[PDB]
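Following: one structure in structure tokens, then a few remarks.
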Amino acid sequence: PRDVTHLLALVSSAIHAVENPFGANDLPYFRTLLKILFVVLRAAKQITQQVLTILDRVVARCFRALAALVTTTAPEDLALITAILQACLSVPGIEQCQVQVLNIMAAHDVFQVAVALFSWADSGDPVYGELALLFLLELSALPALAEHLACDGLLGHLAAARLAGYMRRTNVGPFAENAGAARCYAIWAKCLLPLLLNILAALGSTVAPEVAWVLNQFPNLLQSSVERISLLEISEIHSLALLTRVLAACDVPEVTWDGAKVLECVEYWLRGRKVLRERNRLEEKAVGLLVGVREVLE
């Protein structure tokens, strides 16, 4: 344990020496191993053939082995694996090899297992749902896998899921009462909207029907999104603020949104930077986003 790349191989040499991960006995040690692996990987951002082996024998292995809920495996080590993946794909030298990631991730039945897993989330809250979506979202971060997602038909298997139900019900938003609703929104804000934009970056026109179709299947959220005016709210009116603009420059239904009120809704809550002090950290970066919204949509 001394170099950036050598330190990363031996933790996996330990992660390979594992007997039966997620086994109630040798689980808590496996967790620590994973966390060490994560710490290394996050700080392993300055050889690439090293981070790919764990994308095979760690991420894609455990993500299936863990998908079998059927021991005391929390909905947090799933997040850990999700975060290890996130830690992996951020290595400066994988985008050069994006095609191999898909082969590795598709070798294991990850993509389908994610959608399988996704259905199984629904105490009124979709804990595992947001996770499987964040995972698939982390895959789709790069176009090569988003391509396989759209091609495999994620939106078809997703839009038909009961998860769509609570999102379509007028009881959803950033600031909700019970958890499941707030999380149900958090999914809309943190999964779809950013996931759509990822599958859009793989010849959007072809999949434009799908993204518009799903976007239109959640009208309440759209009608809410404009009449809402936290940061998710801003990212919500930044994704939708670009998901209907691309469609305005390319055989499928249109965007049932009213991006009209938006332009005169940004100027209301921008200039002055005083009224914004009721929702520092949550202004410099926060107010920074809406600078972009009211520039491309003019």
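Rule-based calculations on the coordinates, nothing more; no lab input. Here the Cβ positions follow ideal geometry from the backbone for every residue, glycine too, while neighbour counts run over all protein chains shown.
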- Note on the structure: When the charge dipole of the chain is computed with +1 at the Cβ of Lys and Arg and -1 at the Cβ of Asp and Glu, the Cα pointing farthest to the positive end, of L33, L139, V226, is that of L33
- Item | Net charge dipole size for the chain [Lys, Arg +1 and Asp, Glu -1 on Cβ; Debye, nearest 20] | 700
- Helical mean residue ellipticity (222 nm; -39500 (n - 2.57) per DSSP H run of 4+; nearest 500) of the chain: -17500 deg cm²/dmol
- Message: What distance in nm separates the two pseudo spin-label positions at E298 and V4, each 7 Å out from Cα along the beta-carbon direction?
- Response: 4.1
- Message: Bins of 5 Å, beginning at zero and ending with the bin holding the largest distance: percent of Cα pairs per bin for the chain, please.
- Response: 1, 5, 11, 14, 16, 15, 13, 11, 7, 4, 2, 0, 0
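How high is the FRET efficiency from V99 to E278, r the C-beta distance, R0 41 Å, rounded to 0.05? Could the numbers behind the result be given before it?
Working: r = 48 Å, r/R0 = 1.17.
For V99 and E278, the calculated efficiency is 0.30.
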- Query: Ordered by packing density, taken as the mean number of other Cβ atoms within 10 Å over each peptide's residues, highest first, how do 50-58, 257-265, 193-201 rank?
  - Reply: 193-201, 50-58, 257-265
